[PDB]
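Heads up: the structure comes next, in structure tokens.
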Amino acid sequence: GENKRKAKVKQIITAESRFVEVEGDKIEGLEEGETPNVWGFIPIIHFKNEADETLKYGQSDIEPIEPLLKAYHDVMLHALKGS
Amino acid sequence: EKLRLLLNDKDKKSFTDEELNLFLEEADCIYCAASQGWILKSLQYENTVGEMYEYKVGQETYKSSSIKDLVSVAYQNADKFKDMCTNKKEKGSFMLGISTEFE
């Protein structure tokens with residue numbers, strides 16, 4: 001209809017079961033509380049770009065170039081202002 | 001007192017204080033008013049001293065300073081006060097930042 005609905009849902013997924021709780025308006029699709037996992041593995045897969053033995057997460061291909069992008073932006077902007 | 005300092009800058013007992021107030025009002029800087037008053041006082045030498053710069057009567061002989069020298073000295077004093085006014089109000093060179101907005 002017209003109503004505005006806010007909902008801060010957070011959920012803990014594990015191999016044994018899934019837990020979901022919502023703080024706000026009711027969402028019809030989600031059943032709060034623990035729900036069992038039909039299989040004993042976590043259904044999420046992590047794609048780790050440029051994975052490293054010393055890093056928990058991946059790392060973007062923009063990170064190595066980013067300071068060069070900053071310097072390029074600074075040089076171009078200063079050139080444009082001077083022109 | 002501004003008037004007393006101006007009378008010191010431009011000698012007393014010649015002008016009445018009304019024109020002194022006028023000179024003070026026409027320029028806040030006292031030395032500018034002093035230069036103006038010195039020029040206007042230089043104008044008065046044609047009456048106070050006159051052209052007759054030297055004369056001898058009987059055994060008396062008097063040689064006063066010529067009017068040209070007196071007006072020249074008054075002009076020099078006025079110029080000194082004007083330069084003082086400039087230097088007091090003068091400010092050195094400056095290098096400043098410049099910037100134009102851009103997207």
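Every chain in the structure tokens takes a letter, A first, then B, and so on in the order presented; its residues are numbered from 1, and the ligands are numbered from 1 following the presented order.
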Open item on the list: Taking only chain B into account, list the residues labelled helix (DSSP H, G or I) by DSSP (computed from the backbone), as a VMD selection string.
Closed with: chain B and resid 2 to 9 17 to 26 30 to 42 45 to 48 67 to 89
Open item on the list: Can you pull out the residues contacting residue 32 (chain B)? Cut-off 8 Å, using only C-alpha atoms, and skip same-chain residues under 4 positions away; I want them as JSON, numbers by chain.
Closed with: {"B": [27, 28, 36, 81, 82, 85]}
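Using only C-alpha atoms, we find that the part of chain A lying within 10 Å of chain B comprises residues 77, 78, 80, 81 and 82 of chain A.
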Open item on the list: Taking 6 positions as the minimum chain separation for residues in the same chain, which residues sit within 8 Å of residue 33 (chain A) when counting only C-alpha atoms? Answer as a PyMOL selection string.
Closed with: chain A and resi 19-21
Would you output that residue set with N, CA, C and O atoms, as an mmCIF file, in the first residue's frame?
data_model
loop_
_atom_site.group_PDB
_atom_site.id
_atom_site.type_symbol
_atom_site.label_atom_id
_atom_site.label_comp_id
_atom_site.auth_asym_id
_atom_site.auth_seq_id
_atom_site.Cartn_x
_atom_site.Cartn_y
_atom_site.Cartn_z
ATOM 1 N N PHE A 19 20.444 -18.535 12.257
ATOM 2 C CA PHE A 19 19.723 -17.689 13.200
ATOM 3 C C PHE A 19 19.489 -16.326 12.570
ATOM 4 O O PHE A 19 20.410 -15.749 11.988
ATOM 5 N N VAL A 20 18.263 -15.820 12.691
ATOM 6 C CA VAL A 20 17.884 -14.513 12.157
ATOM 7 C C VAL A 20 16.998 -13.815 13.176
ATOM 8 O O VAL A 20 16.091 -14.430 13.746
ATOM 9 N N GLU A 21 17.270 -12.533 13.409
ATOM 10 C CA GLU A 21 16.425 -11.685 14.234
ATOM 11 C C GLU A 21 16.307 -10.330 13.556
ATOM 12 O O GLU A 21 17.246 -9.867 12.904
#
Open item on the list: Using DSSP assignments from the backbone, pull out every residue in chain B that falls under strand (DSSP E or B) and give it to me as number ranges by chain.
Closed with: B: 54-57, 60-63
I need the chosen residues saved as a compact mmCIF listing (two decimals), in the first residue's frame, with N, CA and C atoms.
# COMPACT_ATOMS: atom_id res chain seq x y z
N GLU B 54 66.17 93.54 0.20
CA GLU B 54 67.30 94.29 0.73
C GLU B 54 67.05 95.78 0.56
N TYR B 55 67.44 96.55 1.57
CA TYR B 55 67.34 98.00 1.51
C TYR B 55 68.39 98.62 2.43
N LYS B 56 68.81 99.83 2.07
CA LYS B 56 69.70 100.64 2.88
C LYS B 56 69.06 102.01 3.07
N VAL B 57 68.96 102.45 4.32
CA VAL B 57 68.48 103.79 4.64
C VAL B 57 69.45 104.39 5.65
N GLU B 60 71.76 102.37 8.04
CA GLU B 60 71.15 101.05 8.20
C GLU B 60 71.24 100.31 6.88
N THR B 61 71.56 99.02 6.94
CA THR B 61 71.49 98.14 5.78
C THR B 61 71.04 96.77 6.25
N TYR B 62 69.95 96.27 5.66
CA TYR B 62 69.36 94.99 6.03
C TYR B 62 69.15 94.16 4.77
N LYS B 63 69.61 92.91 4.81
CA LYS B 63 69.45 91.96 3.72
C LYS B 63 68.64 90.78 4.23
Task: For residue 57 (chain A): contacts at 12 Å, only C-alpha atoms, fewer than 4 positions along chain excluded, given as a PyMOL selection string - done: chain A and resi 46-53
Task: Nearby residues (only C-alpha atoms) at most 7 Å from residue 10 (chain B), same-chain spacing under 2 positions excluded, as a list in words - done: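 Answer for this query is residues 6, 7, 8, 12, 34, 37 and 38 of chain B.
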Could you please take those selected residues and save N, CA, C and O atoms as a short mmCIF file (atom, residue, chain, number, x, y, z; two decimals), in the first residue's frame?
data_model
loop_
_atom_site.label_atom_id
_atom_site.label_comp_id
_atom_site.auth_asym_id
_atom_site.auth_seq_id
_atom_site.Cartn_x
_atom_site.Cartn_y
_atom_site.Cartn_z
N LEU B 6 49.72 69.98 15.52
CA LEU B 6 49.74 70.62 14.21
C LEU B 6 50.36 72.01 14.29
O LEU B 6 51.17 72.39 13.43
N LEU B 7 49.99 72.79 15.31
CA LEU B 7 50.61 74.10 15.51
C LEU B 7 52.11 73.98 15.73
O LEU B 7 52.86 74.87 15.33
N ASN B 8 52.56 72.91 16.38
CA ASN B 8 54.00 72.65 16.44
C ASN B 8 54.56 72.35 15.05
O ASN B 8 55.64 72.83 14.70
N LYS B 12 52.95 78.78 15.16
CA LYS B 12 51.77 79.34 15.80
C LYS B 12 51.65 80.83 15.51
O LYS B 12 52.54 81.47 14.94
N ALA B 34 49.58 68.95 7.79
CA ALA B 34 50.75 69.80 7.99
C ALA B 34 51.33 70.26 6.66
O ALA B 34 51.72 71.41 6.51
N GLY B 37 48.95 72.87 5.24
CA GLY B 37 49.12 74.12 5.96
C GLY B 37 50.44 74.78 5.65
O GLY B 37 50.54 76.01 5.64
N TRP B 38 51.49 73.99 5.40
CA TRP B 38 52.78 74.58 5.07
C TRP B 38 52.75 75.24 3.70
O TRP B 38 53.34 76.30 3.52
#
Task: Contact residues around residue 37 (chain A) with only C-alpha atoms at 7 Å, ignoring same-chain residues under 4 positions, as an MDAnalysis selection string - done: chainID A and resid 15:18
TODO: Might you pull out every residue within 9 Å of residue 17 (chain B), with only C-alpha atoms counted and same-chain residues fewer than 4 positions away left off, and present them as a list in words?
DONE: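 The neighbour list is residues 3, 7, 21 and 22 of chain B.
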Keeping only C-alpha atoms, write the selected residues to a file as a CSV table (one decimal), in the first residue's frame.
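Listed below is the output, again_24.csv:
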chain,number,residue,atom,x,y,z
B,3,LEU,CA,45.6,70.9,17.2
B,7,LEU,CA,50.6,74.1,15.5
B,21,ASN,CA,40.4,72.5,12.4
B,22,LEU,CA,39.6,72.6,8.7
- [ ] Grab the CA of residue 48 (chain B) to CA of residue 13 (chain B) distance for me, in Å with one decimal place.
- [x]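 Here the two named atoms are 12.9 Å from each other.
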